[PDB]
Amino acid sequence: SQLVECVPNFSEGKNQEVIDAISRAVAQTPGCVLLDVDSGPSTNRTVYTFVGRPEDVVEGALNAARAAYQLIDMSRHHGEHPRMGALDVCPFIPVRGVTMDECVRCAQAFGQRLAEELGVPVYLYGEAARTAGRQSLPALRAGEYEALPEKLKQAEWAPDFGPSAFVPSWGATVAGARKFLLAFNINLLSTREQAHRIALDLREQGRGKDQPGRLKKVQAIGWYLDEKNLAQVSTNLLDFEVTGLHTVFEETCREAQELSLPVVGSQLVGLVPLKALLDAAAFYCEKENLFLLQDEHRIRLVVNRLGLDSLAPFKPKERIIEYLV
Amino acid sequence: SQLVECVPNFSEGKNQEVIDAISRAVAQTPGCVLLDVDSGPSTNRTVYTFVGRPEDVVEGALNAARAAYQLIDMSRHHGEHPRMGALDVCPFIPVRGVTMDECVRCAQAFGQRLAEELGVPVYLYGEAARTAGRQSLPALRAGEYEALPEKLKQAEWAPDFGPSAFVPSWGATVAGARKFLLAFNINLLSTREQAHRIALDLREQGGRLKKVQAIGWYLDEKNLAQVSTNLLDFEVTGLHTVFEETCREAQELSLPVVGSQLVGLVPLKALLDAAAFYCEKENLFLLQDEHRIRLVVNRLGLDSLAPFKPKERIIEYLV
Ligand SMILES: Nc1nc(=O)c2c([nH]1)NC[C@@H](CNc1ccc(C(=O)N[C@@H](CCC(=O)O)C(=O)O)cc1)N2C=O
Ligand SMILES: Nc1nc(=O)c2c([nH]1)NC[C@@H](CNc1ccc(C(=O)N[C@@H](CCC(=O)O)C(=O)O)cc1)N2C=O
C-alpha cells in the first residue's frame with residue numbers, strides 16, 4: 001500500500017469559513033485522509049497535512065487549489081509568513097512504498113494540471129527542481145507576491161508550468177517533492193529585529209554566499225506575532241537527521257542568552273515524525289545522564305525541554321504522524 | 001463588600017457525579033462564587049476554591065459538607081493524598097476587608113456547626129488552633145482515616161467540636177484559618193519512593209525549605225511521580241526556590257524533572273517573585289507583567305499537565 005504525504009500551505013489563516021472549505025475539498029477527495037489543519041492569524045497562513053496513494057493526493061491537492069482559487073484574493077493578503085501564492089507551496093513526501101522519484105512525478109503532474117486549469121505560474125522546487133536555483137523555496141519566494149509582476153517579465157523566472165502572467169488573485173505556486181520537513185518556531189521575548197538577527201546567524205544560507213550560517217539544513221527568519229505578543233525565530237528543519245530539533249533549539253537559546261533575551265518554549269507547526277522527537281530525547285538524556293526506556297517518557301521529556309506546550313497543549317497522538325497513521 | 005476565600009478538600013476525585021454535586025452545593029449557595037474545581041483520580045481528592053462574604057462561605061462550606069456526607073463513604077476510600085475525612089480540611093482565608101481574627105471566627109463557627117449538625121468529630125488548625133500541637137494539619141492527620149478508631153479513644157485526641165465517635169462513612173474533619181497557601185507539585189520521571197525521599201529532604205519538618213510541607217506520590221493516569229508541596233508562606237519560600245531545589249535533588253539521583261503543576265489559584269505576587277528570580281539569574285529586563293508570567297510558566301513548566309491560564313488562575317485577575 002503506497003502512501004504519500006502532501007502538506008500544502010495556503011495564504012489564509014483568519015477566515016475560518018475559507019479554511020474549512022479547503023479542508024472539505026481535501027477530506028472529500030477519494031483516497032485522501034486529512035490529518036491536520038494548522039492555521040495562524042498573524043502569520044495568516046494555514047498548512048494542511050494529508051496522506052493517500054500518490055495519484056489520490058495529487059487529486060486532493062488540486063481540489064483544494066480549486067476551492068482556494070475562488071476563496072482567496074492575494075491582492076488583499078498580508079501576513080508575517082513569506083508568501084507569493086494563494087496555494088503557496090505544495091510538497092509531496094514519500095511515506096511508504098513510494099520512491100522520491102515518483103513523488104517528483106506527482107509534483108510534475110500536479111504542477112502541470114494546476115497551471116493548465118487556473119492559468120497561473122508554477123515553479124518546481126526541492127527534489128523536483130529543474131535547476132539548482134529553484135531547489136530552495138525561500139529563493140523562489142524572494143521578493144514575495146509583491147515582486148511577481150517584475151519577476152514574471154524576466155526569462156530566468158519563466159515558470160516550469162503555466163504562462164508568465166501575473167494573476168492578482170492567485171500569484172504563483174511552488175510544487176515539489178522532499179523528505180519530511182519540520183516547521184519549528186522558537187519563542188523569545190525580544191524585538192522582531194533581534195529574532196531575525198538570530199535567524200540569520202543560524203540558518204545555513206546565513207546572510208549570503210559569503211556569509212554562511214551555523215546550521216546545515218536549516219532555514220529561518222524572525223518575526224513578531226500580534227496574536228501572541230511575542231517574537232519567534234521561525235525555522236524549517238530540512239533534514240532532522242542532519243540537524244535536529246534539540247540542536248536548533250539549543251543553539252537559538254545560546255544566541256538569545258548572549259543578548260540577554262529569554263527563550264520561552266517553542267511551537268511545532270503541523271506534524272512531526274516520531275524519530276525527530278526520540279532523537280531529541282536521546283540528546284537530553286545524554287546531556288543529563290538520564291535513563292528512560294518508555295517512549296511516552298522520552299516524549300514527555302522532550303516536550304518539556306523544548307517547551308512544546310508553550311502556546312497550546314502538545315498532544316502526541318494528534319501530532320506524531322506514526323501515531324496518526 | 002467583605003471577601004473570604006474557602007478552599008475545602010473532599011475525598012473524592014474519580015466520581016464526576018459526586019464531584020459535580022458538591023460543586024453545585026457551593027455554587028447554589030447565596031453569596032458564594034466557585035472559582036475553581038481541581039480533581040485527581042490517583043490522589044482521589046478534589047479541591048474547591050470559592051469566595052464570598054464571611055457568613056456566606058461558612059454556609060457554602062456547610063452545604064458542600066451535607067452533600068458530601070450523603071455521597072462519600074470513607075470506609076471505601078483510598079488515595080495518594082493523606083486524608084481522614086470526607087471533607088478533609090476546610091480553610092478560611094482573608095481576601096478583602098476581613099481580618100484574620102474574623103476568619104478564625106468563621107473557622108470556629110463552621111467547625112462547630114459541621115460537627116453538631118452531622119454528628120462528626122472536628123479539629124481546629126492553623127490560626128484557629130486551640131492548642132499549639134494542633135496548628136499543624138500533618139500532626140492532626142497523622143495515621144489518617146485508618147488511625148481514627150484508636151485515636152478517638154484517647155483523651156488527647158478529643159475533637160474540638162462534636163462527638164468522639166467513629167463515623168465510618170465520614171471520618172473526621174479539620175477546619176481552620178490561614179494565609180494564602182500554594183499547592184504546587186513538581187513532576188519527576190522516577191518511582192514513588194524516590195519522589196518521597198526528595199520530599200523528606202526538602203520539607204521543613206524533614207529539611208532545607210522553610211515553610212514548606214512535602215510528600216511524594218505517583219499519578220497512575222499520567223505515568224509519572226510528583227514531589228507534592230504546600231508553600232505555607234511564599235514570601236518566605238517561593239515557587240522558584242521549591243522548584244529549583246527539587247530539580248537539584250533530582251539531578252543528584254540522575255532523575256529528570258518535567259515541569260510542574262499548580263493546584264487551585266495563586267496570588268499574582270507569587271508568580272512575579274518567581275519571575276524576578278529568573279530575571280536575576282538570566283540578566284533579563286521585562287517591562288510587561290504578561291511576559292513575566294509567561295517566563296515563569298515556561299521555567300517552572302506550569303503547562304506540563306494542562307494549560308495554565310493566568311486569567312483563570314491568578315487571584316487578582318479573578319477578583
Ligand atoms: N494560533 C497560531 N498562531 C500561529 O501564528 C501559528 C499557528 N497557530 N499554527 C501554525 C502556524 C501558521 N501556519 C503555518 C503554516 C506553515 C508554515 C511553514 O513554515 N511552512 C513552510 C513549508 C516548507 C515546505 O513545505 O517545504 C514554508 O516555508 O512555507 C508556517 C506557518 N503558526 C505559526 O507559524
Ligand atoms: N487530573 C489531575 N490529576 C491530579 O492528581 C491533579 C489534578 N488533576 N487536580 C487535583 C489534584 C489532586 N488533588 C490534590 C488535593 C489537595 C492537595 C493539597 O496540597 N492540599 C492541601 C491543602 C492545605 C490547606 O488548605 O491547609 C492539604 O494538605 O490538604 C494536593 C493535590 N492534582 C495534583 O496532582
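As recorded in the PDB header, X-ray crystallography is the method behind this entry, and the stated resolution is 1.7 Å.

1. Quick word on helix 7 (residues 245–258) of chain A
Residue and element names in this part refer to chain A. Here helix 7 contains 14 residues, and its C-alpha end-to-end distance of 20 Å stays within 8% of the 20 Å for a straight helix at 1.5 Å per residue. Buried within helix 7 we find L245, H246, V248, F249, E250, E251, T252, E255 and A256. The first or second residue beyond helix 7 is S260, which carries a positive phi of 60°.

2. As for the UniProt feature "binding site: folate" in chain B
All names here are of chain B. The sites that UniProt annotates as "binding site: folate" are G162, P163, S164, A165, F166, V167, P168, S169, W170 and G171. One can find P163 in the loop between helix 5 (144–151) and strand 7 (173–177). Beyond its immediate sequence surroundings of up to four residues, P163 is in contact with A115, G119, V120 and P121. With respect to the secondary-structure elements, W170 resides in the loop between helix 5 and strand 7. Setting aside its immediate chain neighbours within four residues, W170 contacts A65, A68, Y69, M74, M84, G85, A86, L87, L114, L118 and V120.

3. A short note on the packing of helix 7 of chain A against helix 8 (residues 274–287) of chain A
Residues and elements named next belong to chain A. Packing of helix 7 against helix 8 brings their axes to within 8 Å, and their N-to-C directions diverge by 55°. The angle between the axes of helix 7 and helix 8 places the two elements in the oblique class. For the pair helix 7 and helix 8, the contacting residues are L245, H246, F249 and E250 in the first and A276, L277, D279, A280, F283, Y284 and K287 in the second. Partitioned by chemical class, the residues of the contact of helix 7 with helix 8 number 7 nonpolar, 1 polar and 3 charged.

4. Points about the sheet that holds strand 10 (residues 224–231) of chain B
Residue and element names in this part refer to chain B. The antiparallel open sheet is built from 4 strands, whose spatial order is 9-10-8-11. A single partner strand is all that each edge strand has here, and the edge strands are strand 9 (212–219) and strand 11 (257–263). Sheet twist, expressed as the average angle between the axes of neighbouring strands with direction ignored, equals 25°. Note: strand 8 (residues 182–188) against strand 10, 7 bridges, orientation antiparallel. Within the sheet, the bridge partner assigned to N187 lies in strand 10 and is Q226.

5. Some points on the UniProt feature "binding site: folate" in chain A
Residues and elements named next belong to chain A. Summarizing the sequence annotation, UniProt attributes the feature "binding site: folate" to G162, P163, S164, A165, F166, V167, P168, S169, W170 and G171 in the numbering used throughout. Its place among the elements puts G162 in the loop between helix 5 (144–151) and strand 7 (173–177). Not counting the four nearest positions on each side in its chain, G162 is found in contact with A115 and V120. Within the secondary structure, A165 sits in the loop between helix 5 and strand 7. Judged by relative accessible area, which is 31%, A165 ranks as partly exposed. If sequence neighbours within four positions are ignored, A165 has contacts with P121 and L152.

6. Let's talk about the sheet that holds strand 11 (residues 263–269) of chain A
Taken together, 4 strands build an open sheet; the order of strands is 9-10-8-11 (chain A) and the sheet is antiparallel. Whereas interior strands pair on both sides, the edge strands pair on one side only; in this sheet they are strand 9 (218–225) and strand 11 of chain A. Neighbour to neighbour, the strand axes of the sheet diverge by 20° on average, direction disregarded. Two strands pair when backbone bridges link them, and strand 8 (residues 182–188) of chain A and strand 10 (residues 230–237) of chain A are joined in this way by 7 bridges, in the antiparallel orientation. Residue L182(A) lies in a different strand from strand 10 of chain A, and its bridge partner there is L237(A). Helix 9 (residues 289–300) of chain B contacts strand 10 and strand 11 of chain A of the sheet and is inclined by roughly 75° relative to strand 11 of chain A.

Reading the values: rules and limits
- Residues numbered from 1 in each chain as written, not as in the entry; some residues may be left out.
- Chains lettered and ligands numbered in written order.
- Heavy atoms only, no water.
- Helix = DSSP H or I, 4+ residues; strand = E, 2+ residues; numbered from the N terminus.
- Expected span 1.5 Å × (residues − 1).
- Buried < 20%, exposed > 50% of the residue type's maximum accessible area, 1.4 Å probe, protein only.
- UniProt positions renumbered as here; feature names shortened; annotations may be inferred.
- Contact = heavy atoms within 4.5 Å.
- Axes fitted to C-alpha atoms, helices over the stretch in contact; angles between N-to-C directions.
- Parallel < 35°, antiparallel > 145°, perpendicular 65-115°, else oblique.
- Nonpolar A, V, L, I, M, F, W, Y, C, P; charged D, E, K, R; others polar.
- Pairing = 2+ DSSP bridges.

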